[PDB]
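J.: So I've got this experimental structure, pasted below with the sequence.
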There are 4 protein chains.
Amino acid sequence: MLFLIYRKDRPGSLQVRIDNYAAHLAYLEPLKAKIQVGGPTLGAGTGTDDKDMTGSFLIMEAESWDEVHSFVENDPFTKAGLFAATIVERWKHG
Amino acid sequence: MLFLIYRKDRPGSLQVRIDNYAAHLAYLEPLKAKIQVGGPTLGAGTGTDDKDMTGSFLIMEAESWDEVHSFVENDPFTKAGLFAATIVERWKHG
Amino acid sequence: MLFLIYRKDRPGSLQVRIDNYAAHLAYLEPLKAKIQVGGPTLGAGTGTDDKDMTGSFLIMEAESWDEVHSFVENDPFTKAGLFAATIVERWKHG
Amino acid sequence: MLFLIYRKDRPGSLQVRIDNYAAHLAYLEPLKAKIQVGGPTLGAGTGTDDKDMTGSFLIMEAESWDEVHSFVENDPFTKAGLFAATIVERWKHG
């Protein structure tokens, strides 16, 4: 099945994202074949640099909500307490 | 720029989605070249039929929030009052 | 019935909130008897000033989703295009 | 400080809410003095019974996001994997 996974950073915590970014990408690397689409949400203006990042969005294949839960819970970003909001939805291409 | 557009149906309103579905798809057709990814969110279980639809998710190119606003406001689904929640975020591929 | 109405400002749009604030409060004044709880969401840090505002949250009595829709649509804040996200839920005290 | 804590149940999981409800209320009891407003979100129709519950909303006093995090993480509902979405915002009365 496919799941949307939307996660928005807490205010004032951009540096937490930056501090944990390499670990986050290392965490995702062996999982890449299950990720269909993925990237940061961005804030004000038109910039697309690290400083513009405000959250994380992914569309991922998983066999169960349990698998999705483990993926989210084991993320360096989650363990770092980066996020103020997390939204998960089952989903399919139109 | 790219925008995530997440919209979740009001409870008890699946039939409103069904009633307006053809009009919604007609609305999207001439806009298809700007839509990167799109499809319905799905509810309980593993079904992927019309009866399983619970909302709409799209990633779309637009030049401004104003363009995104017009796209959302002119949607048959929006005019039908289908949605309980609407979330829009600027976004980029990782 | 009671409804939660959660609305989060677009990035970079604090001044839009400030510009429309008096009009927003004027809009709410004759409706105050239907509002149980209400106030701005706040951003980073501990400040509680105008500059700290990031969104609007209200719990309101209404007879229908239609009434809620009209309340939201007629708000100066909505007409100003202040919000990136809007979430509405029916709700009751525990 | 005050925080909005909004949590929406996964689809098909009403019985998980029911199974863990007594434990959840037992968890909240010694914390009641910090909870300003609280109750379930409700689904379709006008019913206000257990079967109508779809999520949890609270406004709570806490000294830090860390305290909010612990409150959320230790909830029987969280440990049961009840929720598809969790949104936390700092907030004040208007």
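T.: That came through fine. Residues are numbered from 1 along each chain as shown, chains lettered A, B, ... in the order given.

J.: Next to chain C, which bits of chain A? Give me the list.
T.: Within chain A, the residues that sit near chain C (C-beta under 8 Å from any C-beta of the partner chain) are A:11-13, A:43-45, A:54. Using the backbone N, CA and C atoms, a C-beta is placed for each residue, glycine as well.

J.: Can you tell me, leaving aside adjacent residues, what's nearest to the spatially most central residue of chain A?
T.: Centroid check for chain A by C-alpha atoms, centre = their mean gives residue A:56 as the closest residue, at 3.5 Å. Once flanking residues are discounted, residue A:56 sits nearest to residue A:7: 4.7 Å by C-beta to C-beta, 6 or more residues apart in numbering or on different chains.

J.: so the helix or strand containing the one you found versus strand C:2-9, what angle?
T.: Using DSSP states H and E, residue A:7 sits within strand A:2-9. Relative orientation of strand A:2-9 versus strand C:2-9 (axes from the mean of the first three to the mean of the last three C-alpha atoms, to 10 degrees): 70 degrees.

J.: Which positions in strand A:2-9 come out as buried?
T.: The neighbour-count check on strand A:2-9 (16 or more other C-beta atoms under 10 Å in any protein chain shown) flags A:2-9 as buried.

J.: mind listing what it pairs with, with the direction of each?
T.: Strand pairing for strand A:2-9, determined by DSSP bridges: strand A:53-61 (antiparallel), strand A:83-91 (antiparallel).

J.: hang on, the earlier thing: who's in contact with the residue nearest to the centre of chain A?
T.: When contacts are counted by C-beta atoms under 8 Å, 6 or more residues apart in numbering or on different chains, residue A:56 touches A:5-7, A:38-41, A:77, A:83.

J.: With distance to residue A:30 as extra columns, can I get those in TSV?
T.: Below are these laid out as TSV (distance: C-beta to C-beta, whole Å):
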residue	distance to residue A:30
A:5	17
A:6	22
A:7	20
A:38	14
A:39	19
A:40	20
A:41	24
A:77	16
A:83	22
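
J.: that older thread, now, which of the buried residues of strand A:2-9 sits nearest chain C?
T.: Nearest to chain C, judged by C-beta to the nearest C-beta, of the buried residues of strand A:2-9 is residue A:8 at 9.3 Å.

J.: Hmm, residue A:54 and the closest one touching each other?
T.: Yes - taking contacts as C-beta atoms under 8 Å, residue A:8 lies within contact range of residue A:54: 6.7 Å.

J.: Please produce JSON lines containing the strands paired with strand A:2-9, extended by distance to residue D:87.
T.: Shown next, in JSON lines, are the strands paired with strand A:2-9 (distance: least, C-beta to C-beta, whole Å):
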{"stretch": "strand A:53-61", "distance to residue D:87": "12"}
{"stretch": "strand A:83-91", "distance to residue D:87": "4"}
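
J.: coming back round to it: right, and the residue nearest to residue A:56 touches residue A:55 too?
T.: Yes - between residue A:7 and residue A:55 there is a contact at 5.7 Å, judged by C-beta under 8 Å.

J.: shared neighbours of the two, anything?
T.: Common neighbours of residue A:7 and residue A:55, using C-beta under 8 Å, 6+ apart, are A:83, A:85.

J.: Now the very next helix or strand once past the strand holding residue A:7: buried residues?
T.: Sequence order places helix A:14-19 as the next helix or strand after strand A:2-9, per DSSP H and E. For helix A:14-19, the neighbour count (16+ other C-beta under 10 Å) marks A:14, A:16-17 as buried.

J.: With respect to chain B, which of those residues is nearest?
T.: Comparing those against chain B with C-beta to the nearest C-beta places residue A:17 closest, at 12.7 Å.

J.: Might one say that the closest one is in contact with residue A:43?
T.: No - the criterion here is C-beta under 8 Å, and residue A:17 misses it with residue A:43 at 11.7 Å.

J.: helix or strand for residue A:24, which one?
T.: Take DSSP H and E as the rule and residue A:24 turns out to sit in helix A:21-28.

J.: how far off strand A:53-61 does that helix point, in degrees?
T.: The directions of helix A:21-28 and strand A:53-61 differ by 0 degrees, with the same axes, to 10 degrees as the criterion.

J.: Does anything pack onto helix A:21-28? Which helices or strands?
T.: Counting contacts by 3 or more C-beta pairs under 8 Å, 6 or more residues apart in numbering or on different chains; DSSP states H and E, helix A:21-28 packs against helix A:76-79.

J.: Can you list the neighbours in contact with the helix it packs on?
T.: The contact list for helix A:76-79 (C-beta under 8 Å, 6+ apart) reads A:7, A:17, A:20, A:23-24, A:26-27, A:56, A:72, A:83.

J.: Only alpha carbons, please: show it as CSV.
T.: Output in CSV follows, covering the C-alpha atoms of helix A:76-79 (Å, rounded to 0.1, in the frame of the first residue of the first chain):
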residue,chain,number,x,y,z
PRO,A,76,16.6,10.6,13.6
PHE,A,77,14.3,13.5,13.1
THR,A,78,11.6,12.0,15.2
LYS,A,79,14.0,11.0,18.0
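
J.: residues of that helix that come out buried?
T.: A:76-78.

J.: and if you look at stretch A:35-45?
T.: Neighbour-count burial for stretch A:35-45 flags A:37, A:39-43 (criterion: 16+ other C-beta under 10 Å).

J.: now that stretch, how far from the centre of its chain.
T.: Remark: stretch A:35-45 is offset 9 Å from the chain centroid, using C-alpha atoms, centre = their mean, to the nearest Å.

J.: Dump the C-alpha coordinates for it into CSV.
T.: Extracted as CSV, the C-alpha positions of stretch A:35-45 are listed here (Å, rounded to 0.1, in the frame of the first residue of the first chain):
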residue,chain,number,x,y,z
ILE,A,35,10.0,5.9,-1.2
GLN,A,36,8.2,7.0,-4.3
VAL,A,37,8.4,10.8,-3.8
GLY,A,38,10.1,12.8,-1.1
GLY,A,39,11.5,16.2,-0.1
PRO,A,40,11.3,19.1,2.3
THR,A,41,8.4,21.5,2.6
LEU,A,42,9.6,25.1,2.2
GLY,A,43,8.7,28.4,3.9
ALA,A,44,8.3,32.0,2.8
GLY,A,45,9.7,33.3,-0.5
